[PDB]
Amino acid sequence: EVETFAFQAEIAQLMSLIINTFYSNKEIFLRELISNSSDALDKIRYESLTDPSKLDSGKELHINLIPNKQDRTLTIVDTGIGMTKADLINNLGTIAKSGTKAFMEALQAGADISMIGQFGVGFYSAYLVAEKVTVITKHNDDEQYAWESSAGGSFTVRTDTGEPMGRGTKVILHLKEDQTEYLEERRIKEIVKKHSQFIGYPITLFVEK
Ligand SMILES: Cc1ccc(-c2ccn(CC(=O)O)n2)cc1
């Protein structure tokens, strides 16, 4: 049972700008997704300070980067707070309508796409490199869900029957054909060292057979 939703017009406009603007510095998508994971991990950590049972769904707070050249996917996994179904539908837990408004004003007033995270909509930078994004998520207060979008104005949400996650979020980037450098170990390591050196959770880059 799959539900299909229209993006709000402002979010569809954001996504088309990300996909269509000529902008070479695409590697910042990974910094933005790692930053979102860190924020989600901070949230569950804070809740656990007054209620240890919040970690019954998993005590480890970490970020995993999983490249898969056969599937042409890069997956970013975190064990943060996760998202409810309502969060997924409401722009993956963001205030994306107001954030987009500000971001697009900044772009006309000098800024560039790399600054997207300052507007709370850094998730959508995934579309710099991915033709399709799948988000699998599990929040303590809800069931496990899969969100997916290839842009084009719509997204889907369904209950996820796949491998149970415990708690957190998995962002699966189905990479564009010309963006496979982001599956190479040395390239990922370079990006993490350049942009994510001060993230306060372990970031493990998985290797492939
Ligand atoms: C990730 C990203 C990439 C591009 C933009 C952006 C902003 C304004 N434009 C179009 C223009 O050049 O006027 N494109 C925003 C975010």
Side-chain angles (χ1 to χ4, degrees), residues 11 14 27-67 74-103 114-126 133-149 155 157-173 188-189 191-207:
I11 287 58
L14 172 69
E27 66 188 43
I28 64 90
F29 80 91
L30 186 56
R31 173 190 70 200
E32 299 303 331
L33 293 175
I34 291 174
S35 174
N36 290 352
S37 291
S38 176
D39 286 349
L41 288 159
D42 289 352
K43 290 175 194 178
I44 193 61
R45 183 176 279 150
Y46 182 73
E47 289 199 346
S48 79
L49 296 183
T50 61
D51 182 357
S53 73
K54 295 274 176 169
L55 300 176
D56 281 352
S57 50
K59 281 166 190 193
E60 289 83 20
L61 299 186
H62 65 242
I63 304 173
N64 295 331
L65 308 178
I66 311 176
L74 177 63
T75 300
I76 301 88
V77 185
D78 69 68
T79 53
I81 196 161
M83 292 178 284
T84 65
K85 190 184 183 194
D87 290 327
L88 283 175
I89 293 162
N90 200 7
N91 299 309
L92 304 106
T94 71
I95 54 166
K97 177 189 189 13
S98 61
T100 295
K101 172 187 156 48
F103 183 41
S114 78
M115 293 169 74
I116 187 171
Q118 296 182 45
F119 307 92
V121 290
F123 167 76
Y124 300 91
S125 69
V133 178
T134 309
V135 178
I136 315 291
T137 195
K138 177 65 178 71
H139 187 282
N140 284 336
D141 297 339
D142 210 345
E143 307 316 315
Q144 188 164 309
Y145 281 97
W147 176 107
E148 184 164 85
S149 179
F155 64 92
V157 179
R158 65 196 77 188
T159 300
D160 184 45
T161 41
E163 196 62 32
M165 286 178 59
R167 188 200 57 251
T169 296
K170 173 184 339 301
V171 177
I172 307 170
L173 307 172
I188 298 164
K189 281 175 175 175
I191 298 163
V192 171
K193 179 183 183 166
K194 177 174 185 186
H195 296 293
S196 300
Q197 66 267 51
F198 290 117
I199 291 296
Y201 295 98
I203 301 165
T204 303
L205 177 51
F206 285 32
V207 285

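What's counted below: heavy atoms across the whole structure, side chains too, no hydrogens, waters or symmetry copies. In what follows, residues are counted from 1 in the order of the sequence shown.
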Notebook entry, point to check: Under 30°, 30 to 60°, or over 60°: which ring-plane class applies to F155 and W147, parallel, tilted or perpendicular?
Noted result: parallel
Item checked: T75: side chain to side chain donor-acceptor pair (under 3.5 Å) partners, not counting sequence neighbours -> none
Next item on the list: First locate atom OG of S125, then atom CZ of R31, and finally report the distance between them rounded to the nearest 0.5 Å.
Entry: 8.5 Å
Donor-acceptor list for residues 164-173 side chains, cut-off 3.5 Å, not counting sequence neighbours:
from : atom 1 : to   : atom 2 : distance (Å)
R167 : NE     : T79  : O      : 3.2
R167 : NE     : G80  : O      : 3.0
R167 : NH1    : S57  : OG     : 2.9
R167 : NH1    : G58  : O      : 2.9
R167 : NH2    : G58  : O      : 3.0
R167 : NH2    : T79  : O      : 2.8
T169 : OG1    : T137 : OG1    : 3.0

Checklist line | Nearest-0.5 Å distance, CG of residue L49 to CD1 of residue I44 | finding: 10.0 Å
Next item on the list: Hey, could you give me the CD1/CG distance between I34 and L41, rounded to the nearest 0.5 Å?
Entry: 11.5 Å
Check: Within the side chain of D87, is there an N or O that forms a donor-acceptor pair under 3.5 Å with the backbone of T84?
Finding: yes
Checklist line | Spacing of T159 atom OG1 and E143 atom CD [to the nearest 0.5 Å] | finding: 7.5 Å
Note to self: If you apply the rule side-chain contact (heavy atoms from CB on, under 4.5 Å), what do you find for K59 with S48, and how did you get there?
What the structure shows: CA-CA 10 Å; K59 281 166 190 193; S48 79; over 6 Å; no
Check: Is the number of heavy atoms from other residues, nucleotides or ligands within 6.0 Å of CD1 (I95) greater than 12?
Finding: no
Checklist line | Closest non-hydrogen atom pair, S38 against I63 | finding: N-CD1, 4.2 Å
Check: Are any side-chain N or O atoms of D142 and backbone N or O atoms of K85, one a donor and one an acceptor, separated by less than 3.5 Å?
Finding: yes
Item checked: Over all atoms of both residues, closest heavy-atom pair of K138 and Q144 -> CD-N, 3.7 Å
Checklist line | Point-to-point distance, once rounded to the nearest 0.5 Å, from CD1 of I191 to CG of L30 | finding: 5.5 Å
Next item on the list: Could you go through the side-chain contact (heavy atoms from CB on, under 4.5 Å) check for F29 and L74 one step at a time?
Entry: CA-CA 11 Å; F29 80 91; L74 177 63; 4.0 Å; yes
Notebook entry, point to check: Any side-chain heavy-atom pair from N36 and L92 closer than 4.5 angstrom?
Noted result: no
Checklist line | Where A126 and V133 come nearest, the two heavy atoms and their spacing | finding: CB-CG2, 3.9 Å
Item checked: side-chain contact (heavy atoms from CB on, under 4.5 Å) assessment of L33 paired with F123 -> CA-CA 6 Å; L33 293 175; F123 167 76; 4.0 Å; yes
Item checked: Backbone N/O of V121 and side chain of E32: donor-acceptor pair under 3.5 Å -> no
Checklist line | Distance in Å, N91 CG paired with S98 OG, rounded so as to fall on 0.5 Å steps | finding: 10.0 Å
Margin query: Can a donor-acceptor pair be found, under 3.5 Å and without considering hydrogens, that links the side chain of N140 to the backbone of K54?
Written below: yes
Next item on the list: Just do the side-chain contact (heavy atoms from CB on, under 4.5 Å) check on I81 and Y46 with the steps written out, would you?
Entry: CA-CA 10 Å; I81 196 161; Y46 182 73; over 6 Å; no
Could you give the side-chain donor-acceptor pairs of residues 192-204 under 3.5 Å, partners two or more places apart or in another chain?
from : atom 1 : to  : atom 2 : distance (Å)
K194 : NZ     : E27 : OE2    : 3.2
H195 : NE2    : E27 : OE2    : 3.0
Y201 : OH     : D42 : N      : 3.3
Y201 : OH     : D42 : OD1    : 2.6
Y201 : OH     : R45 : NH1    : 3.2

